[PDB]
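Heads up, entry_7.cif below (mmCIF, C-alpha atoms):
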data_protein
#
loop_
_atom_site.group_PDB
_atom_site.id
_atom_site.type_symbol
_atom_site.label_atom_id
_atom_site.label_comp_id
_atom_site.auth_asym_id
_atom_site.auth_seq_id
_atom_site.Cartn_x
_atom_site.Cartn_y
_atom_site.Cartn_z
ATOM 1 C CA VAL A 1 -97.746 22.928 30.524
ATOM 2 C CA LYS A 2 -96.255 20.527 33.060
ATOM 3 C CA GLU A 3 -98.895 17.954 32.099
ATOM 4 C CA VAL A 4 -98.142 18.430 28.391
ATOM 5 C CA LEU A 5 -94.398 18.154 28.981
ATOM 6 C CA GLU A 6 -94.855 14.951 30.976
ATOM 7 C CA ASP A 7 -97.075 13.476 28.258
ATOM 8 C CA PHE A 8 -94.490 14.367 25.614
ATOM 9 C CA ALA A 9 -91.669 12.998 27.787
ATOM 10 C CA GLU A 10 -93.384 9.621 27.944
ATOM 11 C CA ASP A 11 -94.044 9.736 24.184
ATOM 12 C CA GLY A 12 -91.069 8.047 22.541
ATOM 13 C CA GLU A 13 -92.334 8.943 19.072
ATOM 14 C CA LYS A 14 -92.363 12.650 19.937
ATOM 15 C CA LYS A 15 -88.737 12.469 21.083
ATOM 16 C CA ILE A 16 -87.898 10.606 17.868
ATOM 17 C CA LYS A 17 -89.623 13.214 15.671
ATOM 18 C CA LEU A 18 -88.672 16.250 17.783
ATOM 19 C CA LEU A 19 -85.321 17.475 19.079
ATOM 20 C CA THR A 20 -83.337 15.405 16.575
ATOM 21 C CA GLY A 21 -80.639 17.926 15.666
ATOM 22 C CA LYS A 22 -77.692 16.895 17.816
ATOM 23 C CA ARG A 23 -74.568 15.129 16.512
ATOM 24 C CA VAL A 24 -74.440 12.768 19.509
ATOM 25 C CA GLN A 25 -75.820 10.000 17.288
ATOM 26 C CA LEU A 26 -72.581 9.906 15.291
ATOM 27 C CA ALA A 27 -70.550 9.644 18.505
ATOM 28 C CA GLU A 28 -72.714 6.768 19.737
ATOM 29 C CA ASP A 29 -71.299 4.549 16.983
ATOM 30 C CA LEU A 30 -67.686 5.683 17.769
ATOM 31 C CA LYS A 31 -68.289 4.420 21.403
ATOM 32 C CA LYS A 32 -70.505 1.325 20.701
ATOM 33 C CA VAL A 33 -68.125 -0.409 18.172
ATOM 34 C CA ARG A 34 -65.632 -0.811 21.197
ATOM 35 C CA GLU A 35 -67.127 -4.333 21.887
ATOM 36 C CA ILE A 36 -66.473 -5.457 18.312
ATOM 37 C CA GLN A 37 -62.945 -3.918 18.602
ATOM 38 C CA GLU A 38 -62.270 -6.008 21.785
ATOM 39 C CA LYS A 39 -63.579 -9.320 20.475
ATOM 40 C CA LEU A 40 -61.642 -9.038 17.206
ATOM 41 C CA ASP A 41 -58.224 -7.922 18.641
ATOM 42 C CA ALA A 42 -58.504 -10.498 21.541
ATOM 43 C CA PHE A 43 -59.267 -13.155 18.805
ATOM 44 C CA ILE A 44 -56.128 -11.998 16.777
ATOM 45 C CA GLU A 45 -53.972 -12.270 19.993
ATOM 46 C CA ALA A 46 -55.590 -15.781 20.383
ATOM 47 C CA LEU A 47 -54.589 -16.709 16.731
ATOM 48 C CA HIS A 48 -50.941 -15.785 17.705
ATOM 49 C CA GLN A 49 -51.266 -17.616 21.120
ATOM 50 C CA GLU A 50 -52.305 -20.872 19.236
ATOM 51 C CA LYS A 51 -49.552 -20.386 16.493
ATOM 52 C CA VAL B 1 -5.268 10.038 -1.026
ATOM 53 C CA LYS B 2 -6.913 6.677 -1.689
ATOM 54 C CA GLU B 3 -4.286 5.041 0.531
ATOM 55 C CA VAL B 4 -4.789 7.625 3.287
ATOM 56 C CA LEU B 5 -8.559 7.175 3.103
ATOM 57 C CA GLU B 6 -8.058 3.421 3.422
ATOM 58 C CA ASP B 7 -6.111 4.141 6.613
ATOM 59 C CA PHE B 8 -9.148 6.215 7.604
ATOM 60 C CA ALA B 9 -11.238 3.102 6.940
ATOM 61 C CA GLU B 10 -9.075 1.014 9.258
ATOM 62 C CA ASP B 11 -9.339 3.232 12.362
ATOM 63 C CA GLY B 12 -12.692 4.045 13.952
ATOM 64 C CA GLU B 13 -11.162 6.443 16.467
ATOM 65 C CA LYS B 14 -9.751 8.356 13.515
ATOM 66 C CA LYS B 15 -13.402 8.787 12.544
ATOM 67 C CA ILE B 16 -14.454 10.116 16.089
ATOM 68 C CA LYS B 17 -11.222 12.090 16.697
ATOM 69 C CA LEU B 18 -13.479 15.133 17.075
ATOM 70 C CA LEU B 19 -16.128 14.334 19.686
ATOM 71 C CA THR B 20 -19.246 15.259 17.712
ATOM 72 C CA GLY B 21 -20.378 11.626 17.457
ATOM 73 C CA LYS B 22 -24.094 12.084 18.183
ATOM 74 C CA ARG B 23 -25.027 10.736 14.734
ATOM 75 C CA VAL B 24 -23.824 7.151 15.165
ATOM 76 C CA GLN B 25 -24.786 6.736 18.820
ATOM 77 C CA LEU B 26 -28.266 8.154 18.232
ATOM 78 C CA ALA B 27 -28.851 5.842 15.264
ATOM 79 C CA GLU B 28 -27.784 2.812 17.294
ATOM 80 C CA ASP B 29 -29.976 3.859 20.216
ATOM 81 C CA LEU B 30 -33.018 4.319 17.978
ATOM 82 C CA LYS B 31 -32.668 0.858 16.451
ATOM 83 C CA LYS B 32 -32.045 -0.820 19.813
ATOM 84 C CA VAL B 33 -34.980 0.941 21.502
ATOM 85 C CA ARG B 34 -37.243 -0.261 18.702
ATOM 86 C CA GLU B 35 -35.952 -3.822 19.434
ATOM 87 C CA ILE B 36 -36.520 -3.339 23.233
ATOM 88 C CA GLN B 37 -40.146 -2.262 22.740
ATOM 89 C CA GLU B 38 -40.815 -4.971 20.030
ATOM 90 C CA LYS B 39 -39.566 -7.782 22.416
ATOM 91 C CA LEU B 40 -41.669 -6.133 25.233
ATOM 92 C CA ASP B 41 -44.828 -5.793 22.992
ATOM 93 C CA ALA B 42 -44.751 -9.591 22.298
ATOM 94 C CA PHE B 43 -44.038 -10.250 26.068
ATOM 95 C CA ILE B 44 -46.848 -7.843 27.420
ATOM 96 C CA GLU B 45 -49.454 -9.246 24.904
ATOM 97 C CA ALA B 46 -48.403 -12.694 26.334
ATOM 98 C CA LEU B 47 -49.084 -11.600 30.029
ATOM 99 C CA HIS B 48 -52.642 -10.375 29.029
ATOM 100 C CA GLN B 49 -53.558 -13.756 27.286
ATOM 101 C CA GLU B 50 -52.169 -15.952 30.245
ATOM 102 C CA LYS B 51 -49.908 -14.025 32.882
#

Go through the file and emit its structure as C-alpha cells.
Amino acid sequence: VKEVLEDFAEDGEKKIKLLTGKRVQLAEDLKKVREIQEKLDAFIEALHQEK
Amino acid sequence: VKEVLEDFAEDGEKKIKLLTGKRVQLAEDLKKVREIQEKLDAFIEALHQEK
C-alpha cells in the first residue's frame, strides 16, 4: 500500500483525475489575479503622476 | 409673520437659541472630513509613487 501510494503520489495524472472535488481552484484565481491588480492600479497612479 | 420670519433670517443665534444644534455642526463636519481625506488620498498616493 505504501508503494502504491508513493507511485500514485508521483503520478500527476492520477492527482488530476482523482481527488478533484475541492473548491480551492476557485480561490486560486481570487489570489492569483493580485499581480494584474497591482500592475494596472500602479499604471493608473502613473497616468495621474504624468498628467 | 413674514416680517418676523425675515428677522429670523437675519439672526443666526435666533436659530440656535435652543442648544440642539447637532444637525448643522454634524453636516459641516461630514463635508470637511470628506475634504480632509480627499486631499490626503491624493497626497498619500503621491508619497507611494515618489516619497

May I have chain A as a PDB file with C-alpha atoms, keeping the file's coordinate frame, after a least-squares superposition on chain B that uses all C-alpha atoms paired in order?
ATOM      1  CA  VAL A   1      -3.482  11.401  -0.125  1.00  0.00           C
ATOM      2  CA  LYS A   2      -5.386   8.336  -1.306  1.00  0.00           C
ATOM      3  CA  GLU A   3      -2.973   6.142   0.664  1.00  0.00           C
ATOM      4  CA  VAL A   4      -3.419   8.291   3.782  1.00  0.00           C
ATOM      5  CA  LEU A   5      -7.203   8.253   3.428  1.00  0.00           C
ATOM      6  CA  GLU A   6      -7.222   4.469   3.062  1.00  0.00           C
ATOM      7  CA  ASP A   7      -4.992   4.078   6.121  1.00  0.00           C
ATOM      8  CA  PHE A   8      -7.283   6.356   8.127  1.00  0.00           C
ATOM      9  CA  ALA A   9     -10.373   4.534   6.830  1.00  0.00           C
ATOM     10  CA  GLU A  10      -9.039   1.248   8.169  1.00  0.00           C
ATOM     11  CA  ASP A  11      -8.117   2.923  11.476  1.00  0.00           C
ATOM     12  CA  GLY A  12     -11.136   2.515  13.739  1.00  0.00           C
ATOM     13  CA  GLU A  13      -9.551   4.682  16.429  1.00  0.00           C
ATOM     14  CA  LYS A  14      -9.190   7.593  14.004  1.00  0.00           C
ATOM     15  CA  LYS A  15     -12.884   7.380  13.108  1.00  0.00           C
ATOM     16  CA  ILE A  16     -13.695   7.243  16.828  1.00  0.00           C
ATOM     17  CA  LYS A  17     -11.560  10.315  17.610  1.00  0.00           C
ATOM     18  CA  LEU A  18     -12.326  12.203  14.381  1.00  0.00           C
ATOM     19  CA  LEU A  19     -15.609  13.139  12.721  1.00  0.00           C
ATOM     20  CA  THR A  20     -17.626  12.648  15.912  1.00  0.00           C
ATOM     21  CA  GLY A  21     -19.975  15.626  15.640  1.00  0.00           C
ATOM     22  CA  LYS A  22     -23.153  14.131  14.215  1.00  0.00           C
ATOM     23  CA  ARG A  23     -26.351  13.524  16.212  1.00  0.00           C
ATOM     24  CA  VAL A  24     -26.930  10.121  14.581  1.00  0.00           C
ATOM     25  CA  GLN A  25     -25.703   8.465  17.783  1.00  0.00           C
ATOM     26  CA  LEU A  26     -28.791   9.665  19.657  1.00  0.00           C
ATOM     27  CA  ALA A  27     -31.051   8.270  16.925  1.00  0.00           C
ATOM     28  CA  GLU A  28     -29.291   4.901  17.072  1.00  0.00           C
ATOM     29  CA  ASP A  29     -30.743   4.316  20.545  1.00  0.00           C
ATOM     30  CA  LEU A  30     -34.261   5.429  19.386  1.00  0.00           C
ATOM     31  CA  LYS A  31     -34.042   2.631  16.687  1.00  0.00           C
ATOM     32  CA  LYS A  32     -32.122  -0.088  18.663  1.00  0.00           C
ATOM     33  CA  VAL A  33     -34.495  -0.220  21.732  1.00  0.00           C
ATOM     34  CA  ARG A  34     -37.216  -1.599  19.236  1.00  0.00           C
ATOM     35  CA  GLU A  35     -36.151  -5.220  20.166  1.00  0.00           C
ATOM     36  CA  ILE A  36     -36.676  -4.565  23.876  1.00  0.00           C
ATOM     37  CA  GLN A  37     -40.034  -2.884  22.980  1.00  0.00           C
ATOM     38  CA  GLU A  38     -41.140  -6.060  21.070  1.00  0.00           C
ATOM     39  CA  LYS A  39     -40.102  -8.591  23.699  1.00  0.00           C
ATOM     40  CA  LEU A  40     -41.772  -6.660  26.527  1.00  0.00           C
ATOM     41  CA  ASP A  41     -45.143  -5.873  24.793  1.00  0.00           C
ATOM     42  CA  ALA A  42     -45.333  -9.475  23.339  1.00  0.00           C
ATOM     43  CA  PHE A  43     -44.671 -10.728  26.961  1.00  0.00           C
ATOM     44  CA  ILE A  44     -47.526  -8.416  28.305  1.00  0.00           C
ATOM     45  CA  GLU A  45     -49.912  -9.804  25.576  1.00  0.00           C
ATOM     46  CA  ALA A  46     -48.703 -13.300  26.768  1.00  0.00           C
ATOM     47  CA  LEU A  47     -49.547 -12.393  30.465  1.00  0.00           C
ATOM     48  CA  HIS A  48     -53.135 -11.545  29.231  1.00  0.00           C
ATOM     49  CA  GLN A  49     -53.237 -14.717  26.985  1.00  0.00           C
ATOM     50  CA  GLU A  50     -52.422 -16.912  30.107  1.00  0.00           C
ATOM     51  CA  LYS A  51     -54.916 -14.929  32.384  1.00  0.00           C
TER      52      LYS A  51
END

Task: Computed interatomic separation between atom CA of residue 39 of chain A and atom CA of residue 49 of chain B (Å) - done: 12.9 Å

TODO: Would you work out the distance separating atom CA of residue 51 of chain A from atom CA of residue 46 of chain B, expressed in Å to one decimal?
DONE: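 These two atoms are separated by 12.5 Å.
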
- [ ] Please evaluate the PyMOL selection byres ((chain A) within 12 of (chain B)) against the structure above and give the resulting residues as a PyMOL selection string.
- [x] chain A and resi 41-50

Emit the selected residues as an mmCIF file, in the coordinates of the input, including C-alpha atoms.
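New file part-v7.cif:
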data_model
loop_
_atom_site.group_PDB
_atom_site.id
_atom_site.type_symbol
_atom_site.label_atom_id
_atom_site.label_comp_id
_atom_site.auth_asym_id
_atom_site.auth_seq_id
_atom_site.Cartn_x
_atom_site.Cartn_y
_atom_site.Cartn_z
ATOM 1 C CA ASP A 41 -58.224 -7.922 18.641
ATOM 2 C CA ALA A 42 -58.504 -10.498 21.541
ATOM 3 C CA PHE A 43 -59.267 -13.155 18.805
ATOM 4 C CA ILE A 44 -56.128 -11.998 16.777
ATOM 5 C CA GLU A 45 -53.972 -12.270 19.993
ATOM 6 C CA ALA A 46 -55.590 -15.781 20.383
ATOM 7 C CA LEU A 47 -54.589 -16.709 16.731
ATOM 8 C CA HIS A 48 -50.941 -15.785 17.705
ATOM 9 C CA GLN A 49 -51.266 -17.616 21.120
ATOM 10 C CA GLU A 50 -52.305 -20.872 19.236
#

Can you pull out every residue within 12 Å of residue 4 of chain B, counting all atoms listed in the file, but drop anything in the same chain fewer than 6 positions away, and send it as a PDB file with C-alpha atoms, in the frame of the given file?
ATOM      1  CA  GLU B  10      -9.075   1.014   9.258  1.00  0.00           C
ATOM      2  CA  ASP B  11      -9.339   3.232  12.362  1.00  0.00           C
ATOM      3  CA  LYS B  14      -9.751   8.356  13.515  1.00  0.00           C
TER       4      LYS B  14
END
